[PDB]
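Chain by chain, the residues:
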Amino acid sequence: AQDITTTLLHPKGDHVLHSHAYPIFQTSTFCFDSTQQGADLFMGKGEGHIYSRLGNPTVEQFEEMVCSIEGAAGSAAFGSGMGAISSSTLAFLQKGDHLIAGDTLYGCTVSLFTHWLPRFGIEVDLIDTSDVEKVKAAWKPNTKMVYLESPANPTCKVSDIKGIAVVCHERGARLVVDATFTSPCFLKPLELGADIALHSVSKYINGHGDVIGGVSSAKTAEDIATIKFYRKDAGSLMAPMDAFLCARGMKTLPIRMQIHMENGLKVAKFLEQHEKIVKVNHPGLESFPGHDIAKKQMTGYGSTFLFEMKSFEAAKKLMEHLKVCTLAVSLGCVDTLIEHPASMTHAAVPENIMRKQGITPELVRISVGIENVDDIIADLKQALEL
Amino acid sequence: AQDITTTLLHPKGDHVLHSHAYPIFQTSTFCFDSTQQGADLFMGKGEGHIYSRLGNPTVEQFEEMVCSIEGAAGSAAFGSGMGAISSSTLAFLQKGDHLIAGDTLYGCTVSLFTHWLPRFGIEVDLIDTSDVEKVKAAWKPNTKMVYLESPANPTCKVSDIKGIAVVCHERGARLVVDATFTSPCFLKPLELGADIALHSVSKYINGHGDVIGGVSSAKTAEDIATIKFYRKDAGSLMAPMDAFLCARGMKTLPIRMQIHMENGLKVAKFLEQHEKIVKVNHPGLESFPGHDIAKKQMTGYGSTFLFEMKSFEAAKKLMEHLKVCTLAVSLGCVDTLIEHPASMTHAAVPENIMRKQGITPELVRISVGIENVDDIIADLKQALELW
Amino acid sequence: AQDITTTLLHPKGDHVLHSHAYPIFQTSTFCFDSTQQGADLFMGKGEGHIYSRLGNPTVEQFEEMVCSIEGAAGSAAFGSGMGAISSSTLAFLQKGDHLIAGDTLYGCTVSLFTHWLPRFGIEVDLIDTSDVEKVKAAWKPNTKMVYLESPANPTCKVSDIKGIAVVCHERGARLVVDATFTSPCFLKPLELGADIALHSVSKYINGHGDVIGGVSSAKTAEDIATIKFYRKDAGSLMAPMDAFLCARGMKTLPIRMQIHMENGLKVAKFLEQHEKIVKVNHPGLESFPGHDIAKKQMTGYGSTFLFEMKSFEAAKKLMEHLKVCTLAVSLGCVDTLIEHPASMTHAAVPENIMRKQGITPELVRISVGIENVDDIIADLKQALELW
Amino acid sequence: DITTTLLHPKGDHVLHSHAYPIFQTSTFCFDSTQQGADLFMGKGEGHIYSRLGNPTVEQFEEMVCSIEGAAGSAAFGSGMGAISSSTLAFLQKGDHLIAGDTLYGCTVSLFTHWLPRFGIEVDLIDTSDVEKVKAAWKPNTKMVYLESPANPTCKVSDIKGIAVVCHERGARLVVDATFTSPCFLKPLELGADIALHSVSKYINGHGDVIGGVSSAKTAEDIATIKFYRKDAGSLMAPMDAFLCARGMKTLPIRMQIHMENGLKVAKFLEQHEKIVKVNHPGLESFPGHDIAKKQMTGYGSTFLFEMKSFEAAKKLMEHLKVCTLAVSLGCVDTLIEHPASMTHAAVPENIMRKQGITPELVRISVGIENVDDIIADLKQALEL
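Residues numbered from 1 in each chain as written, not as in the entry; some residues may be left out. Chains lettered and ligands numbered in written order. Heavy atoms only, no water.

Draft legend 1. Representation of the interface of chain C and chain D within the structure. Across the contact, 67 residues belong to chain C and 68 residues belong to chain D. Of the roughly 5,500 Å² buried at the junction of chain C and chain D (both faces included), carbon and sulfur atoms supply 60%. Counting the contacts that link chain C with chain D gives zero salt bridges. Put simply, the parts of the chain that give the side of chain C that touches chain D at least two residues each are α2 (35-42), α4 (81-89), α5 (107-119), α9 (221-234), α10 (240-250), α13 (312-319) and β10 (326-327) of chain C. Among the elements that line the side of chain C that touches chain D, the one with the most residues is α5(C), at six residues. Looking at side-chain class alone, the side of chain C that touches chain D contains 32 nonpolar, 25 polar and ten charged residues. (Contact = heavy atoms within 4.5 Å. Buried area = accessible area lost by both parts, 1.4 Å probe. Salt bridge = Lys/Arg side-chain N within 4 Å of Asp/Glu carboxyl O. Helix = DSSP H or I, 4+ residues; strand = E, 2+ residues; numbered from the N terminus. Nonpolar A, V, L, I, M, F, W, Y, C, P; charged D, E, K, R; others polar.)

Draft legend 2. Inspection of the domain arrangement of chain B at higher detail. Residue and element names in this part refer to chain B. Along its sequence, chain B is carved into domain 1 (2-253) and domain 2 (254-387). Each of domain 1 and domain 2 was reduced to a C-alpha centroid, and the two centroids are 27 Å apart. Counting from both sides, the interface comprises 42 residues of domain 1 and, opposite them, 38 residues of domain 2. Surface buried jointly by domain 1 and domain 2 totals about 3,000 Å² across both partners, of which 65% is contributed by carbon and sulfur atoms. Of all residues in domain 1, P154, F186 and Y204 bury the most surface against domain 2, accounting for 26% of the area lost on that side. On the surface where domain 1 and domain 2 come into contact, there are 16 residue pairs in polar contact. For the side of domain 1 that touches domain 2, the secondary-structure elements that each account for two or more residues are α1 (4-9), α5 (107-119), α7 (161-171) and α10 (240-250). Considering only residue class, the side of domain 1 that touches domain 2 consists of 20 nonpolar, 16 polar and six charged. (Domains from an automatic or database assignment. Polar contact = N/O pair within 3.5 Å; in protein donor to acceptor, adjacent residues only side chain to side chain.)

Draft legend 3. Fine view of the side chain of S200(D). Relative to the helices and strands, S200(D) is located in the loop between β6 (194-198) and β7 (212-216). Here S198(D) takes part through its side chain, which lies 3.3 Å from a polar atom of the side chain of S200(D). Reaching out from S200(D), the side chain makes a polar contact with the backbone nitrogen of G211(D) at a distance of 3.0 Å. Excluding residues that lie within four positions of it along the chain, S200(D) makes contacts with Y51(C), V209(D), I210(D), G211(D) and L329(D).

Draft legend 4. Focus on the packing of helix α4 (residues 81-89) of chain A against helix α9 (residues 221-234) of chain B. Between α4(A) and α9(B), whose axes approach to 6 Å, the crossing angle comes to 80°. The orientation of α4(A) with respect to α9(B), classified from their angle, is roughly perpendicular. Where α4(A) approaches α9(B), its residues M82(A), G83(A) and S86(A) are matched on the opposing element by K232(B), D233(B) and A234(B). Classifying every residue of the contact of α4(A) with α9(B) gives two nonpolar, two polar and two charged. (Axes fitted to C-alpha atoms, helices over the stretch in contact; angles between N-to-C directions. Parallel < 35°, antiparallel > 145°, perpendicular 65-115°, else oblique.)

Draft legend 5. Looking closely at the packing of aromatic side chains. Throughout the structure, instances matching the rule amount to 22 aromatic pairs over all chains. Seen in terms of ring centroids, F32(B) and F42(B) are 6.3 Å apart; in terms of plane orientation they differ by 75°. Their pairing is edge-to-face. Remark: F42(B) occurs in helix α2 (residues 35-43) and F32(B) occurs in the loop between α1 and α2; sequence separation between them is ten residues. Residue classification places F32(B) among the buried residues on the basis of a relative accessible area of 7%. An aromatic cluster of at least three residues, connected via ring pairs, comprises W116(A), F229(B) and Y230(B). Of note, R171(A) hangs over the ring of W139(A), and the distance from its end group to the ring centre comes to 5.4 Å. Over the face of the ring belonging to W139(C) we find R171(C), whose NZ or CZ atom lies 5.2 Å from the ring centre. (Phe/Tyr/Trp six-rings, centres within 6.5 Å; stacked < 30°, edge-to-face > 60°. Buried < 20%, exposed > 50% of the residue type's maximum accessible area, 1.4 Å probe, protein only. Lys NZ or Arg CZ within 6 Å of the ring centre and 35° of its normal.)

Dropping the structure here:
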């Protein structure tokens, strides 16, 4: 079977005007041959384009790429991971429905589920999804969806996607998984029985820290059609230039991910054995709870994770004396990023959810890039002594 | 008072590295100087950026330009007009609230209001907003918003923005106006009593047919903050390259709108006097109902409007034999576009709403560009006079 | 005949995948159907592309637009005006050949002609081309080219393009004309007898101050092929993104030029009557030498020109106290620029050429944009009236 | 290693932006007349006009400069811009140039058509032999220009040995290292004066930009190159510089894969019955392997092999399902072409025999796809 590297470098589709690189269709609208041809396209008859919000060829080329790696029925690209998340949940959930979500989620995902969904009459329970029994107990007659992040941002908490997918299939709910932290090279939720797999493309998939985007991929034709129907009216679109840059970034995704993985594990083991570090939450470490689940259900690991210092002062000292690592939010870029979740990425999480997430001022989140690991380790080593 | 032409060419703000054009910040994140500086920006203390979804300098430059012409407290840019429309309605409306909206709206706006809003427990009525008495009769104790498009896409139906705004103001409802069809050069809903003014920037503001985007501007700091809070979580963003292009397109907005307006009126008059043409729905014509309101409440007219042929077959023969006009949907581009609403832009509108909207197979919509008007008229004339 | 506004908005060519805007072909190479199809394209047989340096579809689109306004056999786009100038001169001149060029030329053109051409065994005289008799007197048996800028940058000195072309045609010399300062809306050198017309597209053609580029257009198929042969090996290319932006800027070129022309004449007239201003060098003024030639050979004027203050100190005081005008080099942008030739654009021109050129510390060059003209005049007036 | 350096270039962030912004501008504003006057005289820090200097372009120049160990680098609108700028910035009427006899097609066009019109004497000679360089030497020889391994035959020149001759005799050595990338070949480190690349190939690597770069050992030489550029006008667009800097972030990792893939493919081809001979500089069989191994730290993945006939070549080139028939090289995906009727079709008949280019030769540029997939594509097209 042809390798993913080869697949991403040779996507399906004809060349445009014999061009080797796929052109950037920086256009709003498309021309019709005749009234009938235009009318037919609006009814979904024949092949062609109408208007970029409905479909843009450069964006569609990127969608096909992601669809190929996910093994999906189709994919939809968005202006951001939040666009993909909004569009993969609110396209399905309506007043009177109930959502079960992980209690440790990306910051704006918490804002979405906690502030906006309940204004739309949607009941939401944030619960510890690392325990399938806790999902079963939280179930109600109107439960229509389970939403998971595994490993969770930022603590890397691992959930049993496969076992939860079984409960979802049995009980008639959709399973939506945000695989942003791991990339589709290593985590393919649709293979584990999820209905929807989504990513902040802003992170690993693009990988170059120069685009914000989102993608969502559905197991069924009907579901991706619904997501794109929601997208048409909600309006979170990937720009043609950004789609050009995301497809270009994804051409190196497999090699980048192999390096990220190996680099991140090397850094996590260095940190785990260092006298100043209390613990390291990398799902690929033997000591991490749910390592057994993450090794069985994934084929590799992302390189973003958190570790615990002895005090806030210690963390501040480390974060502020690094020469190679950059103090910034976001993750999955080619270069190494570091941040303080308590006062940056997860500062807006309500205090009750803060507690349940286990985030404290002593935690530091690092996103290991594709630099020579020895440079990242020497940078950290450098800083840790002072 | 400085002319808008000058204002748009001289936006406030320092240059970046002395660059004359404002740079394209094609970046996802921003660097912090220290833990405290980062922590503070997250609390909204100090000046600086964090992450492009929360704020991107190139996008913010474009927002300030729109804010300047609307006379707003702030503006928010989006990945599309639909992003602006969603974010300007659903950032405020919640389960149990009631919305009154016009019965003749842009198709995807109907789709949003009739399919998605009710799934969120929001009650919606589509009402003929050209009659303020019908707006009042549809009012309920839980009415929280009125949403208007005037002149309406595609029929150019005019609503009394100023009169409806009085009722909104007396009763605690927000008034939202989509002014896409006219541009902020000629219609400034915030001067007429609206709380929010929005546009599909995809149309006139950008003007060059090469970007999809949206913008919404609010009369108060609180309302623009809420819109941007919704945007953070809903995720309809204008990309940095698109913002660079929209700001660039907007540098010629005032002169383009002048030419559009004058061309559009001349093409409407030509059509109104032509034997093949039954009726012309351009709000600048004296024959048009509500011309008196449009003339009082706007300082000019867009150049997109609809006209009635004697038959579907006559409309098709006209649309398919033009050499200057391009058969395509969308509007507000420098070049002239033409389409058939009944089978194209409005073919997705439920027929209960299509009959009330007044859309029939005899209607053709044209979006007059900035070509020499005599060449546009000669194109139309040669097709209308075909064997 | 169809208006140039309309022509530029409707360039010849098929749409690509029905796209309304012409796509950006951000590609280095193109795929071949077969060995034969590739071999044929290399032999110039059949239709298609090979590699962006030889030809890029987005760049070709922009070349077609310029070719249509110049009335040329073909046009070639470059990475800069200087790429165009180098490629329109060195594609033809060889060791032992002689060039006559104007004595008042854009600074880097002076650099090219005085530093690089002589190194290649090409003989160069810089001559006052406002006098045909001086051109004739400088002619030699080996004269192969005359190169003119009219009106000259920055003094606006006018040369008789038509009269000099007669001499070139009689004696077998190519006439090359840099029409940057005027734009092809108002100066069409190929109609006046030139063999090659070129521009810095960085200035008016693009108009938006965000691209550096050049274009050259030839009267004959042979000459444009020779220019592109030189380009292939010298390598000054317009990038696909830049070509997209240039074609986009050019969609508004005719209306921009109308406003530039009118604004520039009104600013020159205001300056001419102002007590602080010694002289105004705008070729549209009746007081200007060679106004008569410029009015017969052009159909309008650019809006970049020079004026004389009473002292260097007065020039600095004016330049540093403007709120609309921006202190910067370059010209032909939608917004108004101002600079000091003696210490900036023309500070590298060898001293003997500086006195021949007439550039002194009292001179200020203004490039009038498309802002409201009363706002520009009021900005100048308040600075001139300072304490 | 090299990856860390490319990911952490020197300079301040602009407005705290993590990615370096795209300065899509033609001009820059001045704070005062004095500040503008000073900048024109080279006094103070700042920018004037994008042709003289653009911040996004400069960031890409600094990246390449860092890897070449140069005094400075200049970016261009194409490889040809870098080439014409690194030769004609120095050579003048009456000077003599010695160039390798096998070069990129357009380089042959530049040297044989344009340079002699400018009164510059040019001899193309076999630079794989240092003695032949010494024998072609004249009192007015001012430059040797090399491409090693050469395009398309991979013919290898002794850069180090020729540099010694050049230093001794007062000539500049200019080296086009396009085929190898600055990860593996650093001509300034072998004694060359100027090292240049078509950035369109490996450095960008993503098949979506045309661009050039030239790096000089001395501050004076890069100043001269940029002075020529100011007037000749081959510039890198700010968007292209943004794309080139971005591509270069994966350059070291892409090169490792290209190198390994290229060698595996060469070896497969070398033992295949259908293949007469493989010209890859990393093979034991190739003439000048010993020099390329001493003078380079790796190899590019573009190389040539010989089929038994034209018909056999046409058959192979037209039945590939993964490899794309196209000119150019050094892209992330595999390209294949026929030099005799494509890249090198315009080379003067005299020079092409001297190059040994025949209808039986095919050139492949091996991408970063899984090698087994590339090999299986070649296998089916050779055997079916």
